[PDB]
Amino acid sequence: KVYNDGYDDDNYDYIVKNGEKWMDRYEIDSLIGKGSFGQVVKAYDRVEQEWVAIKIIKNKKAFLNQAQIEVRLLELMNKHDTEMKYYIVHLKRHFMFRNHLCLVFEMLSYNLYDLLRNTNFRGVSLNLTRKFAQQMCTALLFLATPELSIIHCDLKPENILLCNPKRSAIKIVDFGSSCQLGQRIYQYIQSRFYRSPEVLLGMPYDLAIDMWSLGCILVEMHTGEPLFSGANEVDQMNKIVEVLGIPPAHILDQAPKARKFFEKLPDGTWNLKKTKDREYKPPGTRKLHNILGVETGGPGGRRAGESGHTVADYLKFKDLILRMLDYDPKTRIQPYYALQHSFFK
């Protein structure tokens, strides 16, 4: 039995062959990534003499349709970013090849997990975190351009790639999960560790959900470890609550899924639910002040007396993160204002 004249496996994926040449132009090197959508391969573009990443979408209508939306968002961004100055990997071109949609990007070689793994998950410096944070806030600034109003919806270390000159810069990839404000209203979205309270609570959401993800990611960049590593949605919300306390009553009163996590008392206040069975630190007592080590030399005490890691520096970082982790999406800090924060001065 053959699929797509022998080009596909039994799962609608193009059968990648190291060394194959596509259209006398792309010399396929190796598989670099894979997922439900298809595959990403490393290839050498002989015409432009440069390494590229090619995202090969499955020969399957559902994934083709998803990726056609992705292409339209990338092309929209290209129309607003002729200088490629916003830390988003640029779509160079797209084409159909043997019944697969192919998106071609400049080739980057590492993600943020790779960088953290090289620190043995001890985290990078506050100085490097500051540079990456400014770059990510600049990307979010661009996405909130009114005509764009793009919600990435899947910010996580795997979708943040490193630029080849090392410690210079990161760039965002994977807009296959993204939508525009008021175009898709899917409810179980974001990667769980980076999932905002509004999404957990089943409430309406906007571009502020990406700023929540970014706050979580920035803490993880500096500490080496995920801030909120929930094994399921209840564990996820409970780990958020350990750090930030019970969400405001005016939010829980409007939340479809409030009762998945909390119970309203006759007093009108909200508490965590309890179970006949896990055990959590009391609400708000796992202080970000101590996660970051503001007064104790940073994470693990490893930054004691290091330039750019003074108590004053840590207090500005802590303040920015808490502004990104505001429970209220209407008052959570927005990209332009984050970029004006004293942490970046």
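Here the rigid core means the biggest group of C-alpha atoms that line up within 1.5 Å when the two forms are laid on top of each other. Sequential numbering from 1, following the sequence displayed.
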(request) Using RMS Cα distance over all structures and residues, flag whichever of 256-264 and 97-105 lies farther from this form in 9 other deposited structures of this protein after a core fit. (result) 97-105
(request) Going by root mean square C-alpha distance after a core fit, say whether 76-84 or 240-248 is farther from the shown form in 9 other deposited structures of this protein. (result) 76-84
(request) Report, as yes or no, whether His289 is left without coordinates in at least one third of the other compared entries. (result) no
(request) Taking only the other compared entries that model residues on either side of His309, decide whether it is unmodelled in at least a third of them. (result) no
(request) With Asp277 and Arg278 adjacent in the shown sequence, let me know how many deposited residues between them lack coordinates: none, 1 to 3, 4 to 9, or 10 or more. (result) 1 to 3
(request) Quick one: say whether 254-262 or 169-177 has the higher mean Cα B-factor in the deposited entry. (result) 254-262
(request) Decide which of the stretches 24-32 and 66-74 has the higher mean C-alpha B-factor, going by the entry. (result) 24-32
(request) Between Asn271, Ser149, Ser196, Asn99, let me know which has the highest C-alpha B-factor in the entry? (result) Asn271
(message) Just the C-alpha B-factor column, please: which of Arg184, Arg192, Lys156, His94 has the biggest number?
(response) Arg184
(request) Would you mind ranking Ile246 by its C-alpha B-factor against the rest of the chain and naming the third, lowest, middle or highest? (result) highest
(request) Taking the chain's C-alpha temperature factors as the reference, tell me which third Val47 falls into: lowest, middle or highest. (result) highest
(request) Determine, from the deposited record, the chain-internal third of the Cα B-factor for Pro282: lowest, middle or highest. (result) highest
(request) Please rank the C-alpha B-factors of the chain's modelled residues and tell me whether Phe142 sits in the lowest, middle or highest third. (result) lowest
(message) Splitting the chain's C-alpha B-factors into thirds, which one does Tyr205 fall into?
(response) middle
